[PDB]
Amino acid sequence: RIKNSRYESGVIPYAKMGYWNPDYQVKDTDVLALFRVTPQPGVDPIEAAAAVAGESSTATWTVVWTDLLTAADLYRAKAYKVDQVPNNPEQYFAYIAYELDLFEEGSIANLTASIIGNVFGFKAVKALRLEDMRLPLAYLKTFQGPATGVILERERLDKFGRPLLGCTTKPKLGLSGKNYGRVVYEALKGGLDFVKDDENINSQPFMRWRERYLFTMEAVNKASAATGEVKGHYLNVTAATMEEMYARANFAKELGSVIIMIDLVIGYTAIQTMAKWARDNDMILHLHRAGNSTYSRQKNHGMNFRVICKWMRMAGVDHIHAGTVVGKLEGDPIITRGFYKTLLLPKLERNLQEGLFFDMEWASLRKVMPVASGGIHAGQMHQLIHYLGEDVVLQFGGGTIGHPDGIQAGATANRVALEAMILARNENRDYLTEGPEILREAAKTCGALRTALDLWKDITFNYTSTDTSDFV
Amino acid sequence: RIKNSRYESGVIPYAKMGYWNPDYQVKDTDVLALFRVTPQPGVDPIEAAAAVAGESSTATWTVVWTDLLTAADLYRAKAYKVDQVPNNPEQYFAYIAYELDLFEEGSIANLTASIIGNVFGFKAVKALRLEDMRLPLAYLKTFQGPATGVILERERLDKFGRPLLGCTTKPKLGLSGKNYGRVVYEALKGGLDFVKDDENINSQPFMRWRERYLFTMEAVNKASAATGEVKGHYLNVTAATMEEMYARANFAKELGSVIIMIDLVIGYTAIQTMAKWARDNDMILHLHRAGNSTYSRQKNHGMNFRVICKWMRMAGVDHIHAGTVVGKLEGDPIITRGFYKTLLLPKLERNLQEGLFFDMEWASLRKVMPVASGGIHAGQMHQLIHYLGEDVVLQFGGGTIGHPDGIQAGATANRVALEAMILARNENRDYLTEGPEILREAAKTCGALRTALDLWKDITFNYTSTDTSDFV
Amino acid sequence: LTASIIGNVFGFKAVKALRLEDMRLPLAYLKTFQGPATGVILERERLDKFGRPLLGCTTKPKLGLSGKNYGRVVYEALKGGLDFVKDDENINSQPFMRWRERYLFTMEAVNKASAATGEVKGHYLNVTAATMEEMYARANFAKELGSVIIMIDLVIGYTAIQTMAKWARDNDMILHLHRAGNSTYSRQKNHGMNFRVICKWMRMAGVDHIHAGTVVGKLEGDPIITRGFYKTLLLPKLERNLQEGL
Amino acid sequence: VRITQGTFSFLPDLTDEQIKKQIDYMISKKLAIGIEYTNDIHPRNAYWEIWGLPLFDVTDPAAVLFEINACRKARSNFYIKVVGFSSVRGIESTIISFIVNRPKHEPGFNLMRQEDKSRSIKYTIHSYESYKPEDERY
Amino acid sequence: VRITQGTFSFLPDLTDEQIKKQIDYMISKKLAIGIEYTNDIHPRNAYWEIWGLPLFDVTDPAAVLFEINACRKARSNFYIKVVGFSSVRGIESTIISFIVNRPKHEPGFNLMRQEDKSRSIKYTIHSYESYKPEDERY
Amino acid sequence: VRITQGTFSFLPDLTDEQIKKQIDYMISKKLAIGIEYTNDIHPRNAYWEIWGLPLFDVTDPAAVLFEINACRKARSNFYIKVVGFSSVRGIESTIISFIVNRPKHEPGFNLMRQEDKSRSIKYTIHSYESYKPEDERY
Ligand SMILES: O=C(O)[C@@](O)(COP(=O)(O)O)[C@H](O)[C@H](O)COP(=O)(O)O
Ligand SMILES: O=C(O)[C@@](O)(COP(=O)(O)O)[C@H](O)[C@H](O)COP(=O)(O)O
Ligand SMILES: [Mg+2]
Ligand SMILES: [Mg+2]
Ligand SMILES: [Mg+2]
C-alpha cells in the first residue's frame, strides 16, 4: 500500500534527505572531497552542499522508496562542514565524505563518475570547483601507482643528483621523420638527457609515425655512443583507438626505446591501460597534460590540478607536467609547490596556503617525476632550481633550438647552466641571489652559455596568476 | 653560419611571426575554430589571438630556424578576424584557420591535442573558451560517425513518431543485481522503452557487474514478452582499462542486449574504440556526458558543449545527453536548441543567437539521438515536446520510481502523457498553451497520471542560466 | 568505385564502344584512401639516393633459372652499379625454382652487394600468389629477411593490392606494382580504360612504384600521353590539359 | 495483453475522426502512406504484409480512410497499422506507425528459457496465436 | 673499395669548377645548402655531422665553395658531402647529395652472418675503419 | 670523447677542494658514501667495482678524501666515482654520483647495427677499450 514517513513520495530538500550531517565522524576508509561552492542567489549554502553530496552519491530530486532496499544510511555521502571562503562572501568550502563501498577498486573512471559526474551542471549551484580529495589508504592500495617511479627511473638512466633535461622538437608541426631525427641527435649529443615529440605530433600527412620512430631510435643510439650516457626520446603513442596506441607502443618497445609519451586527452581508461602496459614492459610513461587548463585555470569553476595529480599518480603515470613558475604557462609559486609535493612526497600535510586541505598517506605508491616546460631558458636556472627542486625534468624546446649557434650549442648551454647551479647549491651558496653571477662565471668558460644568456637576458613572463591561494 | 632575417634568433611577437593575417581566404579544407579570448591587461587582442593560433599549430616562444625545413607558411595557423564580444569590453571572438594537413585522420585525440592542448593555460590570456568549430567535409569523411544513428535505431526498435522514454534506476548507488532487475522489469512493463544504469554503477562491493547483466536481461526479456515491444536497458560497460570494458561489452553482446552505455569520463580514445566496436557488433552506444560541466558551465572559460557534440557525433556515439531546458541541470532554451541542431541536422546554418558561428555540412554522417534527463516529470511534457522536439530520449528516473503507487504506475503515467501530447501536436492544437488541459484530460482516464500531476504540480527549477547567448 | 563506373556499362548493346578516359576524384573521397605506403620522398630517404633516377634490372631469362642462379645475377648486377634488380612478373614459385630458395639466396646476394658498395641495395621479391594467405606468407618471409622492397602484379586484383598496400605501410616495406594485364584494356583508343585512370586508382590504393612506360622502348608509349601518366603519379595538383588527356 | 507497438497504443483505439486528423498530419509532411497487416505480432517481425502499394501523392485524406476501411473489412482479425514514410535525404525511413485495427482478444507471448553456459540463457519469445496455422489465428 | 653513396660517385671526383656548376644548379632551384661529414660511411648512417648551419638564401656560389674548402681543411680524412634541401610542400626533403671529399684509402666493410632459424641469417655490415676509435680513422 | 656519466661531468674535473665541499653536502644529508671504479664505462654497466665497503656514519670529510686518494693511487687508469646513498623510506637509492678520476684518454664507443626485420636494427654499443683485456686498458 502507499508509504507514510520519510519515504513517502514528494520532494523534500537534500539537507532533510540525510546528506547534511555536521556531526559525522570521518572514518579512515572514507573518500573525502573538498568543493568550492558558489550557490545561486537564494539557495542556502548548506542546501547547496547537501545537493552536491546527494547527487554525487545516492539521491535524486524526489524521494524514492527503493532506498529502503539498501543500507541507505551508510551509502549516503555526508557534507559535514561548510566554511566561507576567506575573502569571498559568495563562495563556500564544503567538506563531503563518501563511503569506500561506493567505489570500484582500481578505477579512476568510477571515482570521477561519482565525484565530477553531474554536480557541476546542477542549476542550483552557480559555480563549483573541486579543490582537493583525501583518498584513503585502503582505496589507494587497489591502484598500481607509477609504472617505474622516480627512484627506479633514475637507476635505469644512471642519472642522480641533478634535474633531468629535455626538449620539445620545434616547429610543433611540419617536420619530416628524417628531420625530426636530426634535431633529436643534435640535442642529445649536445647534452640533453631527453628530447620529445610535441603533444600534437602523432601520425599526419607531413610525417607518419613509423618513420619518426625508426629515425629517432637511430639518433638516440648514435647520441648514446657519442656521450656514454643512456639517452631517450619520448615517442608519442597517442592515437584514436586503443589498438592503434598498442601498435605504436609495441613498436617503440621493439626498437628498445626507454620511454614513450601519451596525452591526457586520450582519457582516463586509455591512460590506465597504458600505465599497466608500461609496468609490464619496463617502459617509462610520460603524460603530457593536454587539455588540462580547459578546467583548471579559473578559481571559481572546474577542478584544481592537484586533484588531477593525485588521480594520475594513482593511475600509474611516470611523469606529468606540473608547471614552471617563471615560464609562459600559468603557475603561481605557492600553488605549484603543492602540486610538486603531491607528486613527490610519501605523506601530504594539510597546508591551507598551498591548497592542501587534507593530510594524506600515499600507501607507498611510487613517486611521479614532475616535468617543468614552457617558455623557460638558461638564466632562469637559479630560480628553476629554487622553485622546482631537484626531482624534475626541465624541458627547453625553444630554449635549445632557438640558439643562434645551433642545437648542440643550445643543449650544452642548458646542461652547463644546470650543473653549475646545483654544484653551487651543494656548496651552500645562496644560489637564488648569486645566480646571475654563477651563470656569468660559468659562461666565461662556455661560449654557448654566454650567447644564451645574452640572447634571452630580458625575457620574463610577468602576468597575474588566475589560480591563486585564498590564505595569503 | 648564423642567420640574419625573420629567422634569426630572438623573441618577436606572435603577430609578427605570421599567425595574424586579416586577409587570409578560408580554404574549404580548413579546420576553423572560434575562441572567446580575454587577454591580460596590457596584451593587445590581436597579439593574444595570434598567440593562441601560434601555440595551437607551429610556434614556440622564440624564433627557431628549423621552420625553414618545412613549408612553414602553409602549416602556420592564421587568426583572420577578431571582433569584440557584444556587451563585454574584455572579451574578443577570434576566428582561427588551421590547414587540413596538420591533423591525423579519424582522431579526436590529435584534433584536441592541437586545439585545446596548451593554449588555455597560457599566461598572456586571462581566460579562453572554445565556442565552435567548422570541421571541413574532407576531414569529416575520415570519421565513422554514429554506429547506429537515429534512423537505424528507430528501425531496430520499431518505434517511430514519438520521443523514446527512459529511466535511470534510483538510488544511484547501493542496489543489488537482483533488485536492479526488479526495477528494470517494473519500469519496462509499465511502459518505458528503456531503463539505464546510473553513470556511477559499474562494479562495486554492493553489486558486481555480471549479476546485474544477467538479472537485467531476464527482466528485459520478460518485459518484452509482456508488452510485445522491443525493450532495452543501458548496461554500463565503463571500466578502468580497455580490456575490462571489452569484457563487459562482449558479455552484453552475448546476452542479446540491444544497447550499452559508456561515460565521457573514460576518455576520447576509449570512446572511439567503443564506437567502432558498436558498429561492428550491432549495438546501440549511449554516451553519458559525465564530467562535461567541469569545463562547459562558465561563459568565460572552458569549452562550450556544442563543440563536444560535434566531436562525439564524429567519434561515433549514438546517444548523448544534451539537456532538458526545464530540468534540474543547466540548459538555456536558445543555447540548448543549438546543441540539438548540431546532433540531428544534416547541415548547420550560422546563427549567432544559438552560438552557431559557422555553416557546416555533416558529410552524411548519421544523426546522434539527444537524451534529455534530470529532474523532469510529466506535467512538463508539453514544454519538453516544445523545446526538445520529436527525436529525443526523455528520461524520468525520479519521475518514474518516485511515484506513490509503484514503478509500473510511474512508467504508465509518463508514457500516456507523452502519447497524448504528440497526438495533440499532430492534430495541430497549440499544445504549449493547452498542455495543462491536454494532460488533465488524459488524466481522467489514467489514474496513475492524475496522481503524478498532483504530486509534482508545483515543481519547477527557475534559476539563472550561466551559459547564455551574447546576441539577445 | 569500379563496380559502379566500369561494372556493366561497357557491354551495353546500345553503345558500340566505350572508353573511360579520366576521372576527377574529389578531395573528400581521396582522404578516405591511404595513398602510397612509402612514397617517393620517404623511399629516397630510406635508400639515401637523391638527385638521379634509380636503376633496376629484370633477371633474364624470364623463366627457368634456379634460386642459386637467380642470386648470382642479383649479386653481379647490384655490385656492378644497379640500385635494384627484380623478379620477372611471372617468377613466383614453379617446378624449376620455388620461392623460398630464391628469397634466401637473393638476400645473401643483396647483403654482399651492399657490403661491396657502401650502398643500400634491394631486389624486388615477387610475392604474387594464388591466395591471400600464400601472399602474406611470402611477404612476411621477405620482411623477416630484411628486404627493403617486394613486388606484386596487377593481375592479383584490386582487393589484394589494397590489402598489400596497407601491409607495406604497417611493415616499412616499399611496394612495387607491375601492371601485368594492363594493356589488355588500355591499348586501343576506342574501348577500354586509359592508363591514367589506373594511375589514379593505384596512387589511391597505396602502391609505391608502378610501371608507366618508356617512350622509346619496346612497349607502347606516346610522349605526350606518357607525360600525363607521369604527372598523375608525381604531382600534388593536376591541371586540365587536353593534349595530355588530362 | 494489449500489444503496445505503434505510436499511440497506450491511448484508446483511435476513432476514424482521430485517424483522419493523423492522415492530415502525414499529408502536410508529404509522406508516402502505407497500410500493413499481420497475425504474427512478434516485436521483431519486421515485415508485415503490405495492403497494396503505398499511396504516394495523397491530397485527400478520404482516399486513405477508404483503404484502411477496405483492409479492415478484408482482414478483420488481423493487426493493421498505417505507416508514413519520408523520402528526405537524412531520413529515408518511416516517421510514424500506429495501429488502426486489433483482433478481439490477444493471448500474449510465451517465453522460452534455454540454459546455456553457466547462468546464461538464450530466449525465444513466440506469440501463442502463432502456434496455430495462419488461417486459424484470432 | 670506392663508396658509391652520392649522386655522382661513379664519375671521377669533381673538380672545384664542376662543384661550382652544381652549386649554381642548387641556387637556381632555391635550395638550402648543407655540408656534412663522417668517418663512419655505413649506408644506414643517416646522420652525418653537420658543418655549421645550412646556408639558406645563397646568391653567390663562392660562399658555399669557401665553406666546402674550410671543411676539407679541417676534416681532411673524412667523407664530406653537399646536400641540397627543398622546402616545397610535396618535397620537404633532400633533392641532391654528392661527395666532395674522400680519405686517401677506403678499406671497405665486414659482413657478419649470424645463423638464425633454419637457413635464415641475420646480417651486420660494419666498416673496417669503424673498428678503430673515431680519432684514429683514416 | 669525455664520458658525461655523473652529476658534474659537463663541468671541469673537480679539485679536491670542490670534492670536499660535495662530501660536506653528503654528510649533512646523512648519506652512506661509496667509492666505485671500472674500465668498462658502458652506460648500462650497472655494477662498477666497489672500493671496500661504503662508509656509513661519516663525520669527517677527510676520511672520505683519504679513501678517494687511496683508490686513485691504486687504480690510476680507471674511472672512479663517489656515490651517496639515502636509506630513507621513499628513496632507498643513490641520490648523487659523480666522477672523481678519469684515464688520460678515452677512445669512445663502437656502434654495431645488425639488420633485423624490414628497416629495424638491433644495436650494440661497446667501448673500444673493452676490446682489450681488463689488465691492458687505458
Ligand atoms: O608545446 C609546448 O608549448 C611545450 O612543448 C613547451 O615548448 P617550449 O619549450 O619550446 O616553450 C610543452 O608541451 C608545454 O610546456 C606544455 O605546457 P605545460 O608544461 O604547462 O603542460
Ligand atoms: O544522475 C542523474 O541525475 C540522472 O540520472 C537523472 O536522474 P533523474 O531522472 O532521477 O533526475 C542523469 O544522469 C542526469 O540527467 C545527467 O545529467 P545531464 O542529462 O544533464 O547529462
Ligand atoms: Mg609541447
Ligand atoms: Mg544518471
Ligand atoms: Mg618483366
# chains A, B, ... in the order shown; residues from 1 in each chain; ligands from 1
$ residues_near_ligand --ligand "ligand 3" --cutoff "10 Å" --atoms "only C-alpha atoms and all ligand atoms" --output "PyMOL selection string"
(chain A and resi 167-170+172+196-201+288-290+321+373-374+395+397) or (chain B and resi 55-56+60+113-114+117-118)
$ interface_residues --of "chain A" --to "chain E" --cutoff "9 Å" --atoms "only C-alpha atoms" --output "PyMOL selection string"
chain A and resi 175-176+178-179+181-182+185-186+206+215+218-219+222+405-406
$ write_last_selection --atoms "N, CA, C and O atoms" --output "short mmCIF file (atom, residue, chain, number, x, y, z; two decimals), in the first residue's frame"
data_model
loop_
_atom_site.label_atom_id
_atom_site.label_comp_id
_atom_site.auth_asym_id
_atom_site.auth_seq_id
_atom_site.Cartn_x
_atom_site.Cartn_y
_atom_site.Cartn_z
N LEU A 175 57.64 18.98 -39.49
CA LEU A 175 58.88 18.29 -39.82
C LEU A 175 58.63 16.87 -40.30
O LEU A 175 57.59 16.27 -40.01
N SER A 176 59.55 16.37 -41.11
CA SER A 176 59.51 15.00 -41.58
C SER A 176 60.16 14.11 -40.53
O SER A 176 60.83 14.60 -39.61
N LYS A 178 62.78 12.07 -40.95
CA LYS A 178 64.21 12.27 -41.15
C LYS A 178 64.71 13.51 -40.42
O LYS A 178 65.68 13.47 -39.66
N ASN A 179 64.01 14.63 -40.59
CA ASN A 179 64.43 15.87 -39.94
C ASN A 179 64.20 15.85 -38.44
O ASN A 179 64.97 16.45 -37.69
N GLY A 181 64.58 13.26 -36.52
CA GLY A 181 65.73 12.52 -36.04
C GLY A 181 67.00 13.38 -36.00
O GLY A 181 67.83 13.21 -35.10
N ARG A 182 67.17 14.30 -36.95
CA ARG A 182 68.29 15.24 -36.98
C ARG A 182 68.32 16.06 -35.70
O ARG A 182 69.33 16.10 -34.98
N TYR A 185 69.17 13.90 -32.57
CA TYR A 185 70.59 13.60 -32.49
C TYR A 185 71.38 14.80 -31.98
O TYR A 185 72.14 14.67 -31.01
N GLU A 186 71.17 15.96 -32.58
CA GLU A 186 71.90 17.16 -32.20
C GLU A 186 71.68 17.54 -30.75
O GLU A 186 72.65 17.75 -30.01
N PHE A 206 52.36 15.14 -43.27
CA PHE A 206 53.76 15.54 -43.37
C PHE A 206 54.76 14.55 -42.78
O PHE A 206 55.96 14.56 -43.12
N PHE A 215 63.80 6.60 -37.39
CA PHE A 215 64.86 7.59 -37.47
C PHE A 215 65.28 8.13 -36.11
O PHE A 215 66.48 8.33 -35.86
N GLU A 218 67.63 5.57 -34.28
CA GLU A 218 68.97 5.68 -34.84
C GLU A 218 69.67 6.85 -34.16
O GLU A 218 70.78 6.69 -33.63
N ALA A 219 69.02 8.01 -34.10
CA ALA A 219 69.59 9.20 -33.48
C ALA A 219 69.88 9.02 -31.99
O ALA A 219 70.95 9.42 -31.52
N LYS A 222 72.98 6.70 -31.68
CA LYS A 222 74.17 7.43 -32.07
C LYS A 222 74.59 8.38 -30.95
O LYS A 222 75.76 8.39 -30.55
N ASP A 405 73.87 29.64 -32.58
CA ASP A 405 74.96 28.77 -32.99
C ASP A 405 74.59 27.30 -33.18
O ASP A 405 75.48 26.44 -33.25
N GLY A 406 73.31 26.94 -33.23
CA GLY A 406 72.93 25.55 -33.43
C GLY A 406 72.37 24.89 -32.19
O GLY A 406 72.53 25.36 -31.05
#
$ closest_residue --among "B:324, B:426, B:58, B:107" --to "ligand 2" --atoms "only C-alpha atoms and all ligand atoms"
B:324
$ closest_atom_pairs --of "chain C" --to "chain B" --cutoff "10 Å" --atoms "only C-alpha atoms" --output "tab-separated table"
residue	atom	partner	partner_atom	distance
C:26	CA	B:138	CA	8.9
C:27	CA	B:138	CA	6.1
C:28	CA	B:138	CA	3.8
C:29	CA	B:138	CA	7.3
C:30	CA	B:138	CA	8.2
C:31	CA	B:138	CA	6.3
C:32	CA	B:142	CA	5.7
C:33	CA	B:142	CA	9.1
$ write_last_selection --atoms "N, CA, C and O atoms" --output "JSON list (two decimals), in the first residue's frame"
[["chain", "number", "residue", "atom", "x", "y", "z"],
["C", 26, "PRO", "N", 37.21, 13.60, -55.89],
["C", 26, "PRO", "CA", 37.10, 14.76, -55.04],
["C", 26, "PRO", "C", 37.93, 14.60, -53.78],
["C", 26, "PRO", "O", 38.08, 13.49, -53.26],
["C", 27, "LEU", "N", 38.38, 15.73, -53.26],
["C", 27, "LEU", "CA", 39.17, 15.84, -52.05],
["C", 27, "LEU", "C", 38.64, 15.01, -50.89],
["C", 27, "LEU", "O", 39.36, 14.21, -50.29],
["C", 28, "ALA", "N", 37.34, 15.12, -50.63],
["C", 28, "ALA", "CA", 36.69, 14.39, -49.55],
["C", 28, "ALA", "C", 36.72, 12.88, -49.76],
["C", 28, "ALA", "O", 36.78, 12.13, -48.79],
["C", 29, "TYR", "N", 36.70, 12.39, -51.00],
["C", 29, "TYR", "CA", 36.77, 10.95, -51.25],
["C", 29, "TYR", "C", 38.22, 10.51, -51.13],
["C", 29, "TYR", "O", 38.52, 9.48, -50.52],
["C", 30, "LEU", "N", 39.14, 11.29, -51.68],
["C", 30, "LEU", "CA", 40.56, 10.98, -51.67],
["C", 30, "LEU", "C", 41.11, 10.79, -50.27],
["C", 30, "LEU", "O", 41.89, 9.87, -50.02],
["C", 31, "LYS", "N", 40.65, 11.60, -49.31],
["C", 31, "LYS", "CA", 41.07, 11.47, -47.92],
["C", 31, "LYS", "C", 40.65, 10.17, -47.24],
["C", 31, "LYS", "O", 41.12, 9.91, -46.14],
["C", 32, "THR", "N", 39.80, 9.32, -47.83],
["C", 32, "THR", "CA", 39.47, 8.06, -47.20],
["C", 32, "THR", "C", 40.42, 6.94, -47.66],
["C", 32, "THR", "O", 40.26, 5.77, -47.31],
["C", 33, "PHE", "N", 41.41, 7.30, -48.48],
["C", 33, "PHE", "CA", 42.39, 6.38, -49.00],
["C", 33, "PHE", "C", 43.74, 6.62, -48.36],
["C", 33, "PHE", "O", 44.10, 7.74, -48.01]]
$ interface_residues --of "chain C" --to "chain E" --cutoff "6 Å" --atoms "only C-alpha atoms" --output "list in words"
residues 50, 51, 115, 117, 118, 119 and 120 of chain C
$ select_by_dssp --residues "region 20-136 of chain E" --states "strand (DSSP E)" --output "ChimeraX atom specification"
/E:32-38,49-50,79-86,93-101,109-115,121-127
$ closest_residue --among "A:73, A:264, A:404, A:61" --to "ligand 4" --atoms "only C-alpha atoms and all ligand atoms"
A:61
$ atom_distance --atom1 "CA of residue 47 (chain C)" --atom2 "CA of residue 114 (chain C)"
11.4 Å
$ atom_distance --atom1 "CA of residue 308 (chain B)" --atom2 "CA of residue 203 (chain B)"
27.4 Å
$ residues_around --residues "region 181-191 of chain C" --least-positions-apart "5" --cutoff "9 Å" --atoms "only C-alpha atoms" --output "compact mmCIF listing (two decimals) with N, CA and C atoms, in the first residue's frame"
# COMPACT_ATOMS: atom_id res chain seq x y z
N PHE C 10 30.14 -1.16 -70.14
CA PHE C 10 30.95 -1.42 -71.32
C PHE C 10 30.43 -2.53 -72.21
N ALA C 17 31.09 1.10 -78.59
CA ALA C 17 32.40 1.14 -77.95
C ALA C 17 32.32 2.19 -76.86
N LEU C 18 33.22 2.13 -75.89
CA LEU C 18 33.16 2.96 -74.70
C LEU C 18 34.54 2.87 -74.10
N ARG C 19 35.11 4.00 -73.73
CA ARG C 19 36.42 4.02 -73.13
C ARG C 19 36.36 4.98 -71.95
N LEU C 20 36.90 4.61 -70.79
CA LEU C 20 36.96 5.52 -69.67
C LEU C 20 38.29 6.24 -69.82
N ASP C 153 51.87 -8.11 -58.80
CA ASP C 153 51.44 -7.93 -60.17
C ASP C 153 49.99 -7.51 -60.14
N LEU C 154 49.60 -6.55 -60.99
CA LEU C 154 48.23 -6.03 -61.10
C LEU C 154 47.18 -7.12 -61.19
N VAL C 155 47.60 -8.19 -61.86
CA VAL C 155 46.79 -9.37 -62.05
C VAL C 155 46.27 -10.03 -60.76
N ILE C 198 43.99 4.18 -64.21
CA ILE C 198 44.60 3.16 -63.38
C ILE C 198 45.67 3.83 -62.52
N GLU C 220 54.49 0.18 -75.91
CA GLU C 220 53.72 1.35 -76.31
C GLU C 220 53.85 2.53 -75.36
